[PDB]
Structures are given as structure tokens and as C-alpha cells.
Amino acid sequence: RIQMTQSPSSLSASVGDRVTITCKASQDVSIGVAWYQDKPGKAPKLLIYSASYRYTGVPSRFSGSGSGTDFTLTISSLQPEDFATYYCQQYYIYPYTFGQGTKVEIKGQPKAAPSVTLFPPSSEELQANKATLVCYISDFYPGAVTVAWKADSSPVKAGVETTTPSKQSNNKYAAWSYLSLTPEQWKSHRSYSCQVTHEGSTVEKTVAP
């Protein structure tokens, strides 16, 4: 029955920017609203309760406001460590509905071209009749890349899987791409390459049996 409609779906803002996230309750919930911060791999952390009360340890750049139906979470001066998904929740009326979340990303941080490390198939894997090349892409910003693979000089698209870039630190991303081959395909070419495009420029690494 009761809904908590949170907005926007996501936002990207620079370090030092003021960011605002809103939530609309479908009925009057007075000040019975809480806000949480959720980072990948970690449990949600309580930031705010009673709509505007900051929990122990929470930096003062976080503030909440509103009462009745309209609620706002404000971050006055966005910091790199604020990269997370934020959730509103109303907590008095069953079933204590959470909003759908707002993903906050940081833009405008120093740009960095990727490093590319390409690992050949291990001898153990080849002996198990399998082969995987692992392309490890690191220390890049912003966190968008595209990956292309080559067998000798020509494109290979079969057998490729690539991760979505993950933030490794307050400032850099990593990503992985995998090329699955047969041991015969691996051994029969002069080389294979992983070519990473980042902001219109490429870094390519090559391996050979």
C-alpha cells in the first residue's frame, strides 16, 4: 500500500558539489524517515533518522529535511568516499518501505589512461584441455572502456566476456576481460592481443605461446 518514491535513479557530480536526493511518501509519515548509505560488498549504514537527525559518526556534510510527504537528503560538499547508493525509508508504517535507491557517482576527478596486463593460459589450464586469456585493466578514470580482442592481426569476437568497470579507490577503476580459446587455437596463432579503448585512445597488449 504505502510507497516511497525516490528520485533521481542516479546522479553524477563533482567533488565539492552540493547534491540533493528526494523521496515522496504516498501518505503523511511526519518525520519518521531514515536515510542509509550502501556501498558494494558492505551492509547499509544508517546516516539519518527522524528525518534530520544525524547518526553517530556521520559527517556534517550530510543533512536531511522534510516532514509529511516530501523528504530530501543533501550532501553539501561531495567527497570521493561518498560514491554509493543512498536509500530513503519510512519506518513507522508497515511494511517500513524503502525507496528504490539513488546511485551517486563522482565525475571530474583526474583522468588516467589504463594500464593493461594480459595473462596467457596457465600450463595447468592447458593440461585440463582449456585456455583462457585474462586481460586486467587498471588505474583508469573515468570508468568507461571498451575492449577488443585480436588473434594475430584480426578481430575475434567469439568467446569474450568483459566486466563492468569497478571503482577500486576514491579515484580509479579496474575491469577484466576474458577470451576463451581451445588449446589448439592458442598454440596455432603467432599472438593474441587485448586492445582497450578509453576516451578515444587505445592501449593494446600482446601475448604469444
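Note that residue numbering begins at 1 and tracks the sequence as displayed.
Averaged over CA atoms, B-factors in the entry run higher in 82-90 than in the other of 117-125 and 82-90. Checked against the record, the higher mean CA B factor of 191-199 and 9-17 lies with 9-17. In this entry, the residue among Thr182, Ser154, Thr163, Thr146 with the greatest C-alpha B factor is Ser154. When the C-alpha B-factors of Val104, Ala112, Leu133, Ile75 are read from the PDB record, the largest value belongs to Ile75. Split the chain's modelled residues into thirds by C-alpha temperature factor. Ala158 is in the highest one. Placement of the Cα temperature factor of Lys150 within the chain: lowest third of the modelled residues, per the deposited record. Sort the modelled residues of the chain by CA B factor and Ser177 lands in the lowest third. Ranked within its chain, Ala208 lands in the middle third, by CA B factor from the PDB record. In the deposited entry, the Cα temperature factor of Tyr36 places it in the lowest third of its chain's modelled residues.
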